[PDB]
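If you want the building blocks of each chain, they are given just below.
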Amino acid sequence: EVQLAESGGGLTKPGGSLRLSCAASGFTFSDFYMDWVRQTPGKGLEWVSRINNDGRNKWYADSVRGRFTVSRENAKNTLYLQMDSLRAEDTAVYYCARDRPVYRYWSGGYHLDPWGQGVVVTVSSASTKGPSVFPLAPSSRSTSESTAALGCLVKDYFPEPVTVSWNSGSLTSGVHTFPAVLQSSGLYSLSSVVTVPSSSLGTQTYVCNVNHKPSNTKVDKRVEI
Amino acid sequence: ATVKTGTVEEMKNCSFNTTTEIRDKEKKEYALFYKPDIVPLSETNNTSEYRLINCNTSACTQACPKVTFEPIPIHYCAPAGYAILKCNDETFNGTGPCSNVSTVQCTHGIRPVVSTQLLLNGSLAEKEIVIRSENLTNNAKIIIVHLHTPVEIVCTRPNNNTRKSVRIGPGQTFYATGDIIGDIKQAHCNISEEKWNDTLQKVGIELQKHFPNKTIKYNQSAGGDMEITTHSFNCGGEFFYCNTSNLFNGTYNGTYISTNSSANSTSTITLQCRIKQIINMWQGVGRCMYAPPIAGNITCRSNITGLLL
Amino acid sequence: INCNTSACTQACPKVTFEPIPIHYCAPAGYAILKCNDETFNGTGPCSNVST
Amino acid sequence: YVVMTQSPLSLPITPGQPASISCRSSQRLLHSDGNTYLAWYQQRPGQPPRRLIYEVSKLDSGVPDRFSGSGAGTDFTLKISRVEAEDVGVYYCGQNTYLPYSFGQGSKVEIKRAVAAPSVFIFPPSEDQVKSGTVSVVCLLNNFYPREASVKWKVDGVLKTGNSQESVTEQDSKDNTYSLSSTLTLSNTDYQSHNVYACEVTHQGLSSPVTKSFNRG
Ligand SMILES: *[C@@H]1O[C@H](CO)[C@@H](O[C@@H]2O[C@H](CO)[C@@H](O[C@@H]3O[C@H](CO[C@H]4O[C@H](CO)[C@@H](O)[C@H](O[C@H]5O[C@H](CO)[C@@H](O)[C@H](O)[C@@H]5O)[C@@H]4O)[C@@H](O)[C@H](O[C@H]4O[C@H](CO)[C@@H](O)[C@H](O)[C@@H]4O)[C@@H]3O)[C@H](O)[C@H]2NC(C)=O)[C@H](O)[C@H]1NC(C)=O
Ligand SMILES: *[C@@H]1O[C@H](CO)[C@@H](O[C@@H]2O[C@H](CO)[C@@H](O[C@@H]3O[C@H](CO[C@H]4O[C@H](CO)[C@@H](O)[C@H](O)[C@@H]4O)[C@@H](O)[C@H](O)[C@@H]3O)[C@H](O)[C@H]2NC(C)=O)[C@H](O)[C@H]1NC(C)=O
Ligand SMILES: *[C@@H]1O[C@H](CO)[C@@H](O[C@@H]2O[C@H](CO)[C@@H](O)[C@H](O)[C@H]2NC(C)=O)[C@H](O)[C@H]1NC(C)=O
Ligand SMILES: *[C@@H]1O[C@H](CO)[C@@H](O[C@@H]2O[C@H](CO)[C@@H](O)[C@H](O)[C@H]2NC(C)=O)[C@H](O)[C@H]1NC(C)=O
Ligand SMILES: *[C@@H]1O[C@H](CO)[C@@H](O[C@@H]2O[C@H](CO)[C@@H](O)[C@H](O)[C@H]2NC(C)=O)[C@H](O)[C@H]1NC(C)=O
Ligand SMILES: *[C@@H]1O[C@H](CO)[C@@H](O)[C@H](O)[C@H]1NC(C)=O
Ligand SMILES: *[C@@H]1O[C@H](CO)[C@@H](O)[C@H](O)[C@H]1NC(C)=O
Ligand SMILES: *[C@@H]1O[C@H](CO)[C@@H](O)[C@H](O)[C@H]1NC(C)=O
Ligand SMILES: *[C@@H]1O[C@H](CO)[C@@H](O)[C@H](O)[C@H]1NC(C)=O
Ligand SMILES: *[C@@H]1O[C@H](CO)[C@@H](O)[C@H](O)[C@H]1NC(C)=O
Ligand SMILES: *[C@@H]1O[C@H](CO)[C@@H](O)[C@H](O)[C@H]1NC(C)=O
Ligand SMILES: *[C@@H]1O[C@H](CO)[C@@H](O)[C@H](O)[C@H]1NC(C)=O
């Protein structure tokens, strides 16, 4: 078996505090070193911390030393990371992974195996907002293609998730909701597009259907020549 | 030391006031002690108050760290006007006439190995297992089962201990374990359970010559202190006490078959071992001593016995 | 000065350190030889010897 | 400390062909205990990393037999006997011999398929956006291969570069091409200042100055 469950993920202001909990299943949790490892779009992977099997010796990366502390409760099969003084860069996906075994008589090599599915942490509390939405019009010279692309721009919202679709997801013909950007404004934005026959523009009411779960802000924004 | 299982809770962490060199001044100081060296102080509400085991019987000496217990061989020699005779007539029963005899002025090299439940590094019998007892009809008499071939034992303390020195009065240093480096894990001994099982067949066959047709039953030691109920050593300089209960197990019939197939197998029987530092040596109260700890970790390859049954 | 090394004994006041002369003697079945050949250099043959 | 580095970045490789990746540490990965503690991890799209190869070269439990590896000292390789669709994603080497445990910058396995030119489009901003204090003019390059693309922004024949933010798909699930959008986010003044907005293509297939345009409002 050997399955790891991270939990406790959330949002904070910079300088604040959060706590992550990893729960361990289908192995003898008293008998492993345990590690935290984290992922960002910039870095790929970064090691965060290691803890001994009995909780005694503990280690941390230079980027979080003293700011964070790691701990465990072998009575609960559970590991916790307490994070304080959170910087903007600590905005990452955090994973729990199992390291060196320590059996009764012997204690082998180092590992990161297996890994839990991770949790999300966000360190920027500014500009919490429901989206602006604009049509990306198949208008003017854009109309004169034989199977025009039409699109939508969902802009200046925070945090994620937005959910975006065409005609409530019923349209599929070359649908590209582009991966979102957390903009210089402090807010996310994305664009979506779909390709359709140019006489169907207006003949079908093409719609960018949007919701933003952090605010429940939603818009069935119609798109036209 | 870090609570948890008896593998780690074997170590208490204890602190005390101690006299510096300056007679009027006491310093707070701390050490790790194995649970058998320590005993709960009375006249308190079942608290964190303790003493050393021997303070109510005798003050033990620390053994000087230059002193080495290693069994370097002794030859005994006859004085002038005396001679030592020996049997060349091997497979000797221990009494009656030897047919082949020599003088020597000095014996072969004998090792002063002290132990219980097994001997170690002893010289082997010449051609066959030999069984000796002063009177087999009386169960009070030991049966020395002298072996023909050396079964091997491997013993270890896999904790990585650090030694620290505590200055006590003018010009003296007590030595104690300060810390365990990295991992905990348990002190133990390993025997290849293949060779052991064959050896209990072969002792079965020879012991049956004195008890014909009977099945032979081995069993654990009946009961008492660690010093009675465990095998014992001094590997490096630690007084191991190993529980032999899984070793002297099973009963073997007059069939005595080679149940160990000629193909390779890796079955090891493992003994878990206590350790002590305060020892009341040779069941003497005034003989007692404290062995200083040894830094690092220990391994202790050895050849076993003529069994003390 | 010595409490951090060893507690020294007072030398007993009856004891006396004055350099009273020792004579060394050879036991039975041994002999002492000396040079009479004074202005000896400290090694090599001595030309005038006594027991 | 131990720096890490992988040699190939993209592996745009046909299903069925062998591939290999090499990783080269700053210092030898041999531990004092006498093992060498490199491992190789695969991350599929949208998943945690999992470990394929470890203790230099042993397969971890459940790993497909097509994966394999070698090396010594600082230099080690992951070999795939034949790449397959489920192999798509990012591979990292990582070392565990010295703290901090550290990772290669990654390598990406990708399906090879024909060098498809984009379908190319531009979008006039909508009338609500056209009055709004900032205006995103937009261009689309659609269903092209390989992945590498961008837009050069123009208006009235003038170069109009600046706030051209861009975004790209992963490899397409229906045809294994890719798509791109570009998002020139002007002020209302800088938008209304100029008229015949144009986007010029850049694609590693279609590198040509192919261009679409609209006159403003
Ligand atoms: C005295 O005698 C005692 C008793 O015989 C000895 O104590 C036992 O020693 C062994 C070591 O010899 C103890 O550990 C085991 O290790 C072996 C080898 O496998 C392991 O080592 C690998 C090398 O680093 C490691 O790769 C393995 O784990 C990883 O790999 C998988 C790959 O998929 C990965 O998923 C993991 O995340 C890890 O990265 C592994 O730890 C092993 O055989 C032992 O038992 C296991 O293996 C069998 C299959 O072989 C399996 O069926 C079992 O379920 C079990 O997992 C064990 O893991 C062993 O635990 C000791 N026993 C006790 C009770 O402590 C002692 O060594 C002797 N001392 C002396 C002085 O000689
Ligand atoms: C049975 O026979 C076995 C085979 O002869 C015995 O095993 C051998 O035991 C000896 C002693 O334990 C090992 O020799 C070594 O001892 C030194 C001791 O430390 C010295 O150095 C320090 C400073 O560094 C100093 O403070 C000490 O006073 C000592 O002077 C160790 O340092 C060595 O590393 C080494 O371990 C043999 O190596 C060992 N042989 C094998 C093959 O392992 C066994 O002891 C016998 N007795 C029993 C009861 O079985
Ligand atoms: C056992 O413990 C000792 C004491 O901590 C270790 O010795 C130190 O090891 C480190 C790492 O190799 C060195 O930097 C130090 O110079 C060593 N000496 C001291 C006094 O710290 C030893 O490595 C440990 N061995 C094992 C197997 O754990
Ligand atoms: C090995 O010896 C032990 C101890 O003598 C036996 O265990 C039990 O001992 C008590 C002693 O009061 C008896 O009352 C029990 O009857 C014994 N148990 C059994 C199952 O009879 C043990 O029997 C011996 N081992 C074997 C293999 O018989
Ligand atoms: C202290 O422990 C180390 C680690 O177990 C011992 O070194 C090893 O000994 C075992 C058994 O012989 C081997 O299987 C390992 O491969 C060895 N490891 C290394 C790194 O050499 C060491 O012998 C012990 N020290 C003492 C003085 O007994
Ligand atoms: C033991 O207790 C003392 C109390 O002073 C403490 O300083 C020390 O860190 C402890 N050591 C361990 C290994 O528990
Ligand atoms: C010494 O103390 C222990 C404490 O359990 C006790 O068992 C033992 O009988 C005592 N012996 C004497 C002579 O006081
Ligand atoms: C143990 O037995 C082997 C048998 O080959 C022998 O080589 C070795 O010298 C013996 N060691 C001791 C200490 O008796
Ligand atoms: C064998 O030795 C035992 C123990 O000394 C003795 O009782 C027995 O009579 C001896 N038998 C012979 C024939 O030597
Ligand atoms: C021992 O066993 C053999 C064969 O079963 C038998 O002939 C013999 O009489 C037995 N002896 C005793 C003392 O029972
Ligand atoms: C020895 O170990 C057995 C379990 O294997 C245990 O029941 C017994 O109490 C132990 N005896 C001693 C003397 O430690
Ligand atoms: C004893 O104390 C004095 C204090 O000045 C110091 O010079 C000397 O080295 C010390 N000796 C030892 C062995 O600590």
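Cut-off values and rules
Residues numbered from 1 in each chain as written, not as in the entry; some residues may be left out. Chains lettered and ligands numbered in written order. Part of a larger assembly, values for the part shown. Heavy atoms only, no water. Near = heavy atom within 4 Å. Polar contact = N/O pair within 3.5 Å; in protein donor to acceptor, adjacent residues only side chain to side chain. Areas by Shrake-Rupley, 256 points an atom, 1.4 Å probe, with all protein chains shown as cover. Nonpolar A, V, L, I, M, F, W, Y, C, P; charged D, E, K, R; others polar. Contact = heavy atoms within 4.5 Å. Buried area = accessible area lost by both parts, 1.4 Å probe. Salt bridge = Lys/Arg side-chain N within 4 Å of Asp/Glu carboxyl O. Pairing = 2+ DSSP bridges. Helix = DSSP H or I, 4+ residues; strand = E, 2+ residues; numbered from the N terminus. 1 Å grid on protein atoms, 1.4 Å probe; cavity = no way out; pocket = protein on both sides within 12 Å on 5 of 7 lines; lining within 4 Å. Points joined across faces, edges and corners; volume = space filled by probe spheres on them.

Method of determination, as annotated in the archive: cryo-EM, at 3.69 Å resolution.

This part is about the site of ligand 9. All names here are of chain B. Around ligand 9, the surrounding shell consists of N93, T95, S133 and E134. At 2.3 Å from an oxygen atom of ligand 9 is found a side-chain nitrogen or oxygen belonging to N93. A distance of 3.0 Å is found between an oxygen atom of ligand 9 and a side-chain nitrogen or oxygen belonging to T95. About the coverage of ligand 9: the protein hides 42% of its 370 Å² of free accessible area. For the shell around ligand 9, the residue count by class is no nonpolar, 3 polar and 1 charged.

Further remarks concern the arrangement of the chains. Most contacts, among the 3 pairs of chains that meet, fall between chains A and D. In this assembly chain A lies apart from chain C, the nearest approach of their C-alpha atoms being 36 Å. The closest approach of any C-alpha atom in chain B to one in chain D is 14 Å; the two make no contact.

Listed by partner, the interface residues are 12 residues for chain A and 11 residues for chain B. The junction of chain A with chain B conceals about 1,100 Å² of combined surface from both sides, 47% of it contributed by carbon and sulfur atoms. On the chain A side of the interface with chain B, the three residues burying the most area are A:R56, A:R104 and A:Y105, jointly 57% of the side's total. Here chain A and chain B share 1 salt bridge between them. A:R100 is paired through a salt bridge with B:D183; the nearest N and O atoms lie 2.8 Å apart. Linking chain A with chain B are 5 residue pairs in polar contact.

Turning to the sheet that holds strand β18 (residues 211-215) of chain D, a few remarks are in order. All names here are of chain D. The strand order across the open sheet built from 4 strands is β14-β13-β17-β18, with neighbouring strands paired in antiparallel fashion. What marks the edges here is a single partner per strand, and that holds for β14 (158-159) and β18. For strand β13 (residues 149-155) and strand β17 (residues 196-203), the ladder comprises 7 bridges, and the chain directions are antiparallel. Of the residues in β17, the one forming a bridge with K152 is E200.

A few words now on empty space enclosed by the protein. What the rule picks out here adds up to 4 cavities of 30 Å³ or more. Its volume calculated, the largest cavity comes out at about 40 Å³. The wall of the largest cavity is formed by A:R141, A:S142, A:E145, D:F121, D:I122, D:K212 and D:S213. Only β11 (119-123) and β18 of chain D provide two or more residues apiece to the lining of the largest cavity.

Right, let's talk about the interface of chain A and chain D for a bit. Chain A puts 42 residues into the contact, and the matching count from chain D is 42 residues. Summed over both sides, the interface between chain A and chain D buries roughly 3,600 Å², with carbon and sulfur atoms accounting for 63% of that surface. Summed over the three residues of chain A that lose the most area to chain D, namely A:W47, A:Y110 and A:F178, the buried surface amounts to 17% of that side. For the interface between chain A and chain D, the tally reads 3 salt bridges. For A:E145, the salt bridge identified is with D:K212, shortest N-O distance 2.8 Å. The tally of links from chain A across to chain D stands at 14 residue pairs in polar contact. Of all the elements in the fold, those that place two or more residues in the side of chain A that touches chain D are β4 (32-39), β5 (46-51), β9 (92-101), β11 (132-136), β12 (149-157) and β16 (188-195) of chain A. It is β12(A) that provides the largest number of residues to the side of chain A that touches chain D, a total of 5 residues. Within the side of chain A that touches chain D, the residues separate by chemical class into 21 nonpolar, 12 polar and 9 charged.

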